[PDB]
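So in the deposited numbering, the last spot in the sequence shown is 235, and the numbers never skip.
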Amino acid sequence: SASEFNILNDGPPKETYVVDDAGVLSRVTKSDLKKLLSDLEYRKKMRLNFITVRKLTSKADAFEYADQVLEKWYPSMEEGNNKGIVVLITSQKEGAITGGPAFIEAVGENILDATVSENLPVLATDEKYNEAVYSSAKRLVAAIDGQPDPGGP
């Protein structure tokens, strides 16, 4: 709960694009994520955030919390329309992605749940959190830019 609370309380990571509460991402990867993602915001006005958490206290799943985070960080249509929230539960190897309609439409449902059922669960199961997260960001960015799908792990 302290985790679930802090993640929600400390608003969105405006400069870093990441909240690695599970502490599974390295200095370098977070750096790469920031570079990759601030470039996405600069070019497409799409704001994509990643969150890692060890586990949820609630019986609620990843999607539920992701949506709770979206609503908290961007309480209005105008503020959240172009936002994307990716949540990764490391102890469960489970992921979720939600966001505003524009973000959702710009990515598309195909890649949306492909990322969620492939990159996140598969890579995290193998303990490769950094590649789990970076490849997911990279695959979401490709979709938004209407580039070829790199595919899953």
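No residue lacks a Cβ here, since even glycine has one placed at the ideal position from N, Cα and C.
Among the options, which one has its Cα closest to the Cα of residue i?
i, options, result
"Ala214", "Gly177, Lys165, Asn192, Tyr156", "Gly177"
"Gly190", "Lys175, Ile226, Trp155, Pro157", "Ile226"
"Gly166", "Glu187, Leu194, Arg129, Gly233", "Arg129"
"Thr172", "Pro94, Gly93, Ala206", "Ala206"
"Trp155", "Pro95, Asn201, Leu119", "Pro95"
"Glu153", "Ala219, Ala188, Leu90", "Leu90"
"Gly105", "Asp195, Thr134, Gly181, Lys141", "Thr134"
"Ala84", "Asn163, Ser140, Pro230, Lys175", "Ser140"
"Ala148", "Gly228, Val101, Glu200", "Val101"
"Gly228", "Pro203, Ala196, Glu97, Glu187", "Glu187"
"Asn212", "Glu97, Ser108, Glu86, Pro157", "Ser108"
"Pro157", "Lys175, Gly181, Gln174", "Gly181"
"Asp103", "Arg136, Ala219, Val110", "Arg136"
"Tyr216", "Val168, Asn192, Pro230, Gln174", "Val168"
"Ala219", "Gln174, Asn163, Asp121", "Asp121"
Quick check: the Cα distance between residue i and residue j, rounded to an integer number of angstroms?
i, j, result
"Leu170", "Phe145", "10 Å"
"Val151", "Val198", "17 Å"
"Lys210", "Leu138", "20 Å"
"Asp114", "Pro183", "26 Å"
"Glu161", "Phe185", "12 Å"
"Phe132", "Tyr99", "7 Å"
"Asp143", "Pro203", "14 Å"
"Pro235", "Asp92", "32 Å"
"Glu86", "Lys117", "26 Å"
"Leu119", "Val223", "8 Å"
"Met159", "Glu123", "17 Å"
"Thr111", "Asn163", "27 Å"
"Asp208", "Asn192", "24 Å"
Over what stretch of residues does the beta strand (DSSP E) that includes residue i continue unbroken?
i, result
"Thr180", "176-181"
"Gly166", "165-171"
Looking at the unbroken alpha helix (DSSP H) that takes in residue i, where does it start and where does it end?
i, result
"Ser83", "No alpha helix (DSSP H) holds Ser83; DSSP gives it neither H nor E."
query: What runs of the beta strand (DSSP E), each 3 residues or longer, lie entirely inside the stretch 175-235?
result: 176-181
field: Continuous beta strand (DSSP E) assignments of at least 3 residues falling wholly in the stretch 93-168
entry: 100-102, 129-135
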